[PDB]
Amino acid sequence: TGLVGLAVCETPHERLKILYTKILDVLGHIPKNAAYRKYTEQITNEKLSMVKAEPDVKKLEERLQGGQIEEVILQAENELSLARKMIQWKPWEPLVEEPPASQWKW
Amino acid sequence: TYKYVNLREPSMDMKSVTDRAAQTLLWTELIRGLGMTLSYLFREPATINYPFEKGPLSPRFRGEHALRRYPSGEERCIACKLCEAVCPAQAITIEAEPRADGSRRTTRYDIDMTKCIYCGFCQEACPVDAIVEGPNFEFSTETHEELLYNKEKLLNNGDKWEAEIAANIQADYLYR
Amino acid sequence: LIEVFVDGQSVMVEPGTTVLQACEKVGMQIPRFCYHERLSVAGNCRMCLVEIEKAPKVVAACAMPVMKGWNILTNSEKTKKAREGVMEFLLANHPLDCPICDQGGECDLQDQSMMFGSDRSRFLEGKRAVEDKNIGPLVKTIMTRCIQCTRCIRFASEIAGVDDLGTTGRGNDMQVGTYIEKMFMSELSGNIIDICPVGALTXXXXXXXXXXXXXXXXXXXXXXXXXXXXXXXX
Amino acid sequence: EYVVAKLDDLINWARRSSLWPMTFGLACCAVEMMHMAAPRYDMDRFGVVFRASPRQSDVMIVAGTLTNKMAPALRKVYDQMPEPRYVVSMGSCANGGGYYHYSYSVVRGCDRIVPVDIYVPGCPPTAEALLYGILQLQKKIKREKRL
Amino acid sequence: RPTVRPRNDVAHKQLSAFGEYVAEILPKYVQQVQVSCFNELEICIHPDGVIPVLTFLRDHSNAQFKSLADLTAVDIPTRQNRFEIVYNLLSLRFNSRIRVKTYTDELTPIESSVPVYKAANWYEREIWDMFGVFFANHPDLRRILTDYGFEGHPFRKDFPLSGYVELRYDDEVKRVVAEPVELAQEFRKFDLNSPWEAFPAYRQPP
Amino acid sequence: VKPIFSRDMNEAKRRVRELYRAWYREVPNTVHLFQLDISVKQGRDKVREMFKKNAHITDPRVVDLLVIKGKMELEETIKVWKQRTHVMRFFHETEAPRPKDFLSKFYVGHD
Amino acid sequence: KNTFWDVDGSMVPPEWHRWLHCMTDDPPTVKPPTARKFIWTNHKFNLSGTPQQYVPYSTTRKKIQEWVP
Amino acid sequence: XXXXXXXXXXXXXXXXXXXXXXXXXXXXXXXXXXXXXXXXXXXXXXXXXXXXXXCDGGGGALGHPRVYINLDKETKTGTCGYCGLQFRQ
Ligand SMILES: NC(=O)c1ccc[n+]([C@@H]2O[C@H](COP(=O)([O-])OP(=O)(O)OC[C@H]3O[C@@H](n4cnc5c(N)ncnc54)[C@H](OP(=O)(O)O)[C@@H]3O)[C@@H](O)[C@H]2O)c1
Ligand code: SF4
Ligand code: SF4
Ligand code: SF4
Ligand code: SF4
Ligand code: SF4
Ligand code: FES
Ligand SMILES: [Zn+2]
């Protein structure tokens, strides 16, 4: 069995569990008062509970993905890169940038 | 919906491997591909030689422009600048003056064939049905000057096609 | 000055200000046929009908003033049902000249059907036609295209000086003409063609020469006659 | 005297027999130019051969729209052509910019780049009308080199 | 209504949740204005950070967009800030369309979208061609739709439709194709604009 | 500061100097590789008249954009691109060309 | 034209939209051509590069200017 | 009617001492047959019974929008906007 995409369908469990536990710590380094940490954490914790309850079932892969484990692993792989870029460039924690000129209607 | 293009290993063991190898060792499928054109050669070709035979058409077809007139003389074009503004190429130009006394119907009326992308929009926008698109193919010139249509005149010379236009418009009122 | 809210937004207006004059301050133009700039305030069409917050009958914008602090809506449910209806009454006895007609895009009645009036259908059968009225040099007048209003009638009486235009009948036969066969005087009566909303009175010298569509406009002061400024030339 | 007049027509008959056009795929017109290959309306081996080639071809059909980027590109093709060359401006874009025209990029007329002998007015130039362009070309060749 | 209405609003409140969710982060660096109309979402972004907005929506646990496919730009001379580069984004896993806009005048350089999206570099060349907006830290900024000997930027509303260099003669010189000739046929400027306001509620008070 | 562009005031002037050397070396190279056209000496005179029209310098923002454009229209020769003596030619060949005088232009009658 | 060896689609009177391609009924058998005394009685061939062909023409009388002693 | 060589059609001037016209020399210039609107006056006027009459070309098939013409004056017969057809009584 193999996925349709170029990413190889490898039989690996707990691989999703490592990456989802890693990203939670990165979020709790610099932003704390920001809403970015407060909202993303509760989605990841909801997804981690489904992995712990269901043992290698296709129904667990069907939850919020429905394209096997290979597509879900790609969602976790770029999550660490997105969290590190959000930690490096301050945007979520700080808001002080100038407002636009008053015009919008065409 | 899913249909799948991949065969997923047609050969398995012994019998299924040999015939998949036979088509690559010699040819077989190339000889089978040769037979496709072989029967295609015998069946009669659908070919039309233009100076004698003519191709299929329709009751409504757009070609070279020609403006129609009433059965009892009189130019049907009323001069509105209606067809001028709708024209997406801006090929049609119209400047109007009063005709002698009373009547007010046109003076300048040029349709560029250097422009004009052929819509039938000017046929549709016309309330009096002046420009009606006739079944035309024959138009070939030496210059742009000979190609672009002058102040009516050559458009009025569409009388040779107006007999067909009158027949075609009878299939146009209450559309098809 | 008393303030009264129109379409929820509040606008300050004078005590003797008209309803349509108050609407201009809120940046909204009601459908018009009888002028508000210089010509005298008169009814005789009932197009500019607007419904108040608590009123059984709609009042005309030209006649009725605001006076007290009352709410009036321009985009109301009753107003849109009115505006579509009155347009149908105007066009039940209209000669159909639009492609031949001297105006086309410049015509105020032509725009109001597109903007306000009912589009899908118009119930009508058999329209009456009026005989052509006598006119001298300027404005080739056609009585059929006329909607029979009071705009040019008051123009000759007040703005021009010499009165000629009036009423001739009673029903759908009353003409805006002079009734007696006489040519219109010059003075300043050449501007009467520009006043009329319909394509009834339009300059005979530049008739059917160019439509309102495809004409580049430019403003320039006139050389002939002193104290003349701002005149658009196509 | 009589042989001189008759031999001239024999050379003109050689071009009346066969004409090899250039396959320029620079248009929607080019899809109608592919309808010349489509069996229902054919000049294929009646005169037209779809082999084309930049040097061996006698005719070049300028198919539709030409931009200022293709203006030096189509000019050098015309120089590679042999002396008996005929240029057909098939399509309204080729005649003088059917659409666009007043646009910045599209070249008006084609004659500003390459001179045209036969004009075909049609946007979607119907294969029926396209058959005239080749038949008129064959008819236009009447007399060449008297002295 | 049967033929008058296209579709009734039902997903409008569902799409309005996105108008709150991204705004719940609340950056002055990113958010500014959120507009939602006709089953579609529109966001405009402060010039200082465009790349951090594009790294967002890419991946993400709540919404997975990935494809930052189609890229447009708006030319408008009404505002003090001229150009408006508009990103059209599409999701495959989520099935939704969101919009990313820029408000800056951008005659001065703007941050590139090449490190986030691969096909973005080809669209970025078009914006430099037609509009004349330079992208900072861009790999290979080359002319595509413009001519090789073309002056200015072909789309800008400041200059005419015909242009300055457009007509190309051959005439006297044996090989050199002409350029300096400027004259073209007269494009008829239509002054067709209807009296009376077209629609209510769209009217703005002076 | 805002906005960055590339250089600040004095640094922008030396970017033009680096651009001038790169284009000065290409005009002898674009005779044998391209075509003879006019002259090597006359081609170098075309460079000086181009920079005279651009010579104003009030803000580094305007200068920096000219460098990027200068590394494009003058780059249309270095990496070998098709022009066929039609593109990248700046000088008018068929120019009349008109003069600015109240006796020369008024005799022809224009505007 | 006086040609038998070479002939284009310049020939054939008003019948192109009839039995030639579009309509089912034949022009002299079932469906008759309508008379209006406006259409040309004799059919004309293509213009081509030959004399008596198509031409462009001016329309307006222009702005008048006159000077007399 | 024709002036010198070229024939006038729908009110058109040829050339003032041959200056503008030069292209129409080898090739013959076009001319519309009966463009003087002689066929407009050739059609006989129809008698009317009502005060106002509706005009039509030939129903909805032929392009003619409906216009009502008034008949009140005895002198000069009234004609519709689209047709040159006149009505009396
Ligand atoms: N560099 C030089 O050679 C030089 C030096 C000093 C001055 N010039 C002057 O510049 C001019 C150069 O012209 P050119 O020699 O380049 O012209 P050319 O090539 O001889 O071309 C003249 C054309 O006119 C036609 N033609 C001329 N007389 C004709 C006749 N009696 N009957 C029929 N056709 C006729 C010919 O057509 P057919 O071939 O079909 O008959 C020929 O194609 C000369 O007139 C000369 O006075 C030249
Ligand atoms: S062709 Fe029709 S729409 Fe155009 S000016 Fe003539 S009558 Fe009016
Ligand atoms: S067919 Fe289209 S482009 Fe041609 S004249 Fe009519 S409206 Fe214009
Ligand atoms: S008055 Fe106005 S609406 Fe009536 S026919 Fe004339 S242009 Fe059309
Ligand atoms: S001519 Fe015009 S202004 Fe006078 S009454 Fe009639 S519609 Fe009103
Ligand atoms: S003439 Fe029409 S079909 Fe041909 S290239 Fe132009 S737009 Fe396309
Ligand atoms: S517009 Fe107000 S009464 Fe006529
Ligand atoms: Zn009629």
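Determination of this PDB entry was carried out by cryo-EM to a resolution of 5.6 Å, according to the record.

Caption draft 1: Structural detail: the packing of aromatic side chains. An aromatic cluster is present here, built from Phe 83, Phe 131 and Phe 155 of chain E joined pairwise through their rings. Over the aromatic face of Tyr 169 of chain E sits the side chain of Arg 112 of chain D, whose NZ or CZ is 5.5 Å from the ring centroid. One cation-aromatic arrangement involves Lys 69 of chain F over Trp 128 of chain E; the distance from NZ or CZ to the ring centre is 5.4 Å.

Caption draft 2: Representation of the sheet that holds strand β2 (residues 86-90) of chain D within the structure. Residues and elements named next belong to chain D. What the three strands build is an open sheet, ordered β1-β2-β3; its pairing is parallel. Both outer strands of the open sheet, β1 (59-61) and β3 (118-120), are each paired with one neighbouring strand and no more. Averaged over all pairs of adjacent strands, the angle between their axes in this sheet comes to 15°, without regard to strand direction. Of the strand pairs in this sheet, β2 and β3 are connected by three bridges, and their pairing is parallel. Along β3, the bridge assignment pairs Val 88 with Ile 118.

Caption draft 3: Broad picture of the packing of helix α1 (residues 10-24) of chain F against helix α3 (residues 40-54) of chain F. All names here are of chain F. With their axes 11 Å apart at the nearest point, α1 and α3 run at an angle of 155° to one another. Between α1 and α3, the crossing angle belongs to the class labelled roughly antiparallel. Where α1 crosses over α3, the two elements pack in a sense that is right-handed. Residues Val 16, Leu 19, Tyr 20, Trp 23 and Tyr 24 of α1 form the contact with α3, whose participating residues are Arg 44, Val 47, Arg 48 and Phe 51.

Caption draft 4: Up close: the interface of chain B and chain D. Taken together, the contact pairs 29 residues of chain B with 31 residues of chain D. In terms of residue class, the side of chain B that touches chain D is built from 15 nonpolar, nine polar and five charged.

Caption draft 5: Structural detail: unusual backbone geometry. Residue and element names in this part refer to chain F. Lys 2 connects to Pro 3 through a cis peptide bond whose omega is 0°. For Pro 3, the location among the structural elements is in the segment before α1. Here the residue pair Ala 96 and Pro 97 is connected by a cis peptide bond, since its omega of -10° sits within 30 degrees of zero. Position of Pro 97 among the secondary structure elements: in the loop between α4 (60-70) and α5 (105-108).

Calculation rules
Residues numbered from 1 in each chain as written, not as in the entry; some residues may be left out. Chains lettered and ligands numbered in written order. Part of a larger assembly, values for the part shown. Heavy atoms only, no water. Residues with missing side-chain atoms left out of burial classes, pairs and counts. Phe/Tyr/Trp six-rings, centres within 6.5 Å; stacked < 30°, edge-to-face > 60°. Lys NZ or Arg CZ within 6 Å of the ring centre and 35° of its normal. Pairing = 2+ DSSP bridges. Helix = DSSP H or I, 4+ residues; strand = E, 2+ residues; numbered from the N terminus. Axes fitted to C-alpha atoms, helices over the stretch in contact; angles between N-to-C directions. Parallel < 35°, antiparallel > 145°, perpendicular 65-115°, else oblique. Left-handed = near helix turned anticlockwise from the far one by under 90°. Contact = heavy atoms within 4.5 Å. Nonpolar A, V, L, I, M, F, W, Y, C, P; charged D, E, K, R; others polar.

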